[PDB]
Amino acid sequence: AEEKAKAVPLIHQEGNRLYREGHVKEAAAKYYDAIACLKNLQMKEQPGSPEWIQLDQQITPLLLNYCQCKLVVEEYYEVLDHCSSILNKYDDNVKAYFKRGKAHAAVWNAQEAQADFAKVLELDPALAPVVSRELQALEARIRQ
């Protein structure tokens, strides 16, 4: 229950390679495990302490990876919650707004989707082409 801080980066790496190979359901499992490991360590730290914060920041990219797997397998409810949790702490996280926007769109929360995509553009205008595609799609569906 502490000698597996060393496992995390390896599990992380295996997840990434699975994802890249197209084994997305299995990458999700890996990310989930890496996350559980980090959270257990974090449970041993005082919230708001430097160690707690460092672990929280290590979880974020792993939790986003997990959400990305969930987008691919078309399961949106965890994406919404996990991204919202990240965003309630780190409100400048571009990937989190983007994934949450996609999940909102998939479940027909058009207004909420637009709000998140707008935020993505405010933080990274270089994303205009991809965001515009997502919004174009969305807008078509709003047209009915």
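The first residue of the sequence shown is number 1, and the count goes up from there.
Please compare 75-83 with 42-50 and say which has the higher mean C-alpha temperature factor in the record. Mean B over CA atoms: larger for 42-50.
Higher-scoring stretch by recorded Cα B factor average, 19-27 or 132-140: Looking at the record's C-alpha B-factors, the answer is 132-140.
Going by the entry, which of 107, 64, 35, 113 has the most elevated CA B factor? Of 107, 64, 35, 113, 107 has the highest C-alpha B-factor.
Quick check on the deposited entry: does the C-alpha B-factor of residue 127 sit in the lowest, middle or highest third of its chain? Within its chain, residue 127 is a highest-third residue by C-alpha B-factor, going by the deposited values.
Ordered by C-alpha B-factor within the chain, which third holds residue 55? Give me lowest, middle or highest, please. According to the entry, residue 55 has a C-alpha B-factor in the chain's highest third.
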